[PDB]
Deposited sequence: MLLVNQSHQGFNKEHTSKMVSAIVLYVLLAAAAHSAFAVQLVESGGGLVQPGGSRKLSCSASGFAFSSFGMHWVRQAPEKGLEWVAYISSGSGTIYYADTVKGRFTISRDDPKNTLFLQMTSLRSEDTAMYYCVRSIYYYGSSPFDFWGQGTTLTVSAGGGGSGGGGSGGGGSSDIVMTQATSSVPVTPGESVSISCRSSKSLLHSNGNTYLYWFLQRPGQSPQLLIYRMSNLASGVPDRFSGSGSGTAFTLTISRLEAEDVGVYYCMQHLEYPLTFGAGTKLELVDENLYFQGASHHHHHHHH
């Protein structure tokens, strides 16, 4: 019964401030690092904050560096995020994420339901091209997003987190990193690659398989999220 729900936001006056909070239950969140993924409407995702397992290495994105602050209440199993002096670009939907970091762990596996925030009006990026290749449920589709540098490290773990933002709810972790499958995902969603190439090999499609996919990068310091995609029904 893992449950991630967040609240706070929905309408922001220009030049104003807002507060975010994410509630965790059903798992040992105190030993879990957590990310923060925004989502502009009719667009892709965007990482906004991060704190490691145990409030060790607090991180922030350049676009909100200084403006935002992220803190975890481990005894209370809830997250606190304060956004001050919000600009017009902060018209997006947030997504609480969890992460456990150990040898062969499951990072960015469970995503929160989502809280949308609306305001009235030098690092690596990945190529979320091929906006839509719709296919009948009786076929296979391979997705990919490209990275300039070689993903593999001396450890061999390549971080090209795969997700599928199905309409109406949060993306489901298909393959954390780029090699190992996830908990709860079926056998259809697979993946393979060699250094810089990759292939999100999907066997069959059905009603649930619709949704825009996204990719994350955890190699460098900033978690550049994936650009908008189409369900490619």
Exercise for the section: Return the ranges of the deposited sequence not covered by C-alpha coordinates, sorted by sequence position. Expected result: 1-37, 159-173, 286-304
